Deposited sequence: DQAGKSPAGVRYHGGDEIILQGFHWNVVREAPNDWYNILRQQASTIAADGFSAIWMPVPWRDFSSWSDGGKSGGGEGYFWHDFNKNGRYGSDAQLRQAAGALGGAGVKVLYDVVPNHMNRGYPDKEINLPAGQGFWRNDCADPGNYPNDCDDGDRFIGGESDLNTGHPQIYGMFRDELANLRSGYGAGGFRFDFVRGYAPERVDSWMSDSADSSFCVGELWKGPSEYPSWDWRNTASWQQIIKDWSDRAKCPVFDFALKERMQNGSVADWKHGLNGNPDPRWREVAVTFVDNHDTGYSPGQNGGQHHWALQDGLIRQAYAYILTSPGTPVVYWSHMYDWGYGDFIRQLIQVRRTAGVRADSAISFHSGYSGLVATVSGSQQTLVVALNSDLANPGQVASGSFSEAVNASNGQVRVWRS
């Protein structure tokens, strides 16, 4: 595993990560108080399957509950105590130690934008009237105010002033605590529309400068005011701007938007397909997560923007053979039967030496998506939902078949 920032200082940890999202939405209900135990038992399998990193659930305990129903998943934590719904503090340390010991770096989901302000029994008790909260200031709507330089979560009454020096430092110190005591190799930043991107750069500089970073900016052009250049920008431009200012890789919601709304041919318009390596190498690609996708259990999870059945293998073949940094969803890998296919694709990626900045060229004249990917060791030809017959139609050189699945709807050849 190679470390290192990008030529622009973006914390993509060498560009060679292959990430597992290590939970689904209903874990706290399907495996009560037992998930860290399961992750520890699975650590050697996760490593054998080829993952270099695991995105862990929010480690801060969350005892919220609402009624559709949910709660406890981590995104409405009430303090940093690790004895939450995924397992105990001791069980987390054991899981992180087993994962890191197997070569899987541990990335913690962290939620700075808000906390369960009203929870009656908690270690973090921030009064009103000192500037600790968004709503200490006038709050006319969902946009920055004088106590919060980003957007708000629902009504905003639980949004923290993350730029207040005491609140900034509270998170700074907890990121350091996760690194020194819980084996953190980096962080996944939740709801980054909620606070300044520069604050993520500051947090990482202070507490984990050489670690891996990724932020979730999920905000389409139409959510920006009419005077904001982002209101008429592409999804790529919006998330790339965030990554520039955070010095952090960013989830490729431009690719997700094309997978949900466009054709397979159109998947080339994700951030990870951009011909400028400074653009595509900061993309963190994914098929579904705990929010967009289904989960086992109640209500099928959230499924807010789920990829249809018929495209799952194509989508995994695309992200695992292409630039950017790919993320595999727990339930596709270990619940729903795509594991052997994904295992094969990870081996193909590693054997070809595809990394976050590998070149990718898209070919016209065929149906579907046809791409040539320049790995450090091999060239790949990838044909998804395509009438391409063979790689010699689009590439020079000698090729052999590496993947052929779904009646030829997923084909990969390697040089």
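J.: What ranges of the deposited sequence are left out of this structure?
T.: Seq positions lacking coordinates: 68 to 70, a single run.
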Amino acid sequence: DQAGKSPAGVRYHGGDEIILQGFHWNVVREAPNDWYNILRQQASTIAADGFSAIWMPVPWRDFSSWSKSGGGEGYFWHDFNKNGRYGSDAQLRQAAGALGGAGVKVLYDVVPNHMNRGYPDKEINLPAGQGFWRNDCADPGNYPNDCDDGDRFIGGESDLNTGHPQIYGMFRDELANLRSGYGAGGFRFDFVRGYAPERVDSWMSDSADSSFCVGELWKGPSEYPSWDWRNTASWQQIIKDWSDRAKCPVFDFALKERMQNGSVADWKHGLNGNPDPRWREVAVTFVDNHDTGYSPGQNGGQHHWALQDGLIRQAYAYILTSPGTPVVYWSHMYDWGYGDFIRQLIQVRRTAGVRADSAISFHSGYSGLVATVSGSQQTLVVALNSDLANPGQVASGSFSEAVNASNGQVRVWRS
From here on, numbers count along this sequence of modelled residues.
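J.: Would 286 to 294 or 138 to 146 have the larger average of its C-alpha temperature factors, as given in the entry?
T.: According to the PDB entry, the answer is 138 to 146.
J.: Do the C-alpha atoms of 193 to 201 or of 119 to 127 have the higher average B factor in the entry?
T.: Higher mean C-alpha B-factor: 119 to 127.
J.: Tell me, please, which of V106, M259, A102, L178 has the highest C-alpha B factor according to the deposited entry?
T.: Going by the entry's C-alpha B-factors, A102 comes out highest.
J.: Select one of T321, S243, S210, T325: the residue whose C-alpha shows the highest B-factor in the crystal structure entry.
T.: Reading the PDB entry, the winner on C-alpha B-factor is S210.
J.: Against its chain's modelled residues, does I346's Cα B factor rank lowest, middle or highest third?
T.: Tercile = lowest for this residue's CA B-factor.
J.: Within this chain, which third does the Cα B-factor at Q378 fall in: lowest, middle or highest?
T.: For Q378, whose C-alpha B-factor we compare with every modelled residue in the chain, the answer is the highest third.
J.: According to the PDB entry, is the CA B factor of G22 in the bottom, middle or top third of its chain, that is, lowest, middle or highest?
T.: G22: CA B-factor falls in the lowest third of its chain.
J.: Can you work out whether the C-alpha temperature factor of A233 puts it in the lowest, middle or highest third of the chain?
T.: It falls in the top third of the chain.
J.: Ranked by Cα temperature factor within the chain, is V110 in the lowest third, the middle third or the highest third?
T.: Its C-alpha B-factor belongs to the lowest third of this chain's values.
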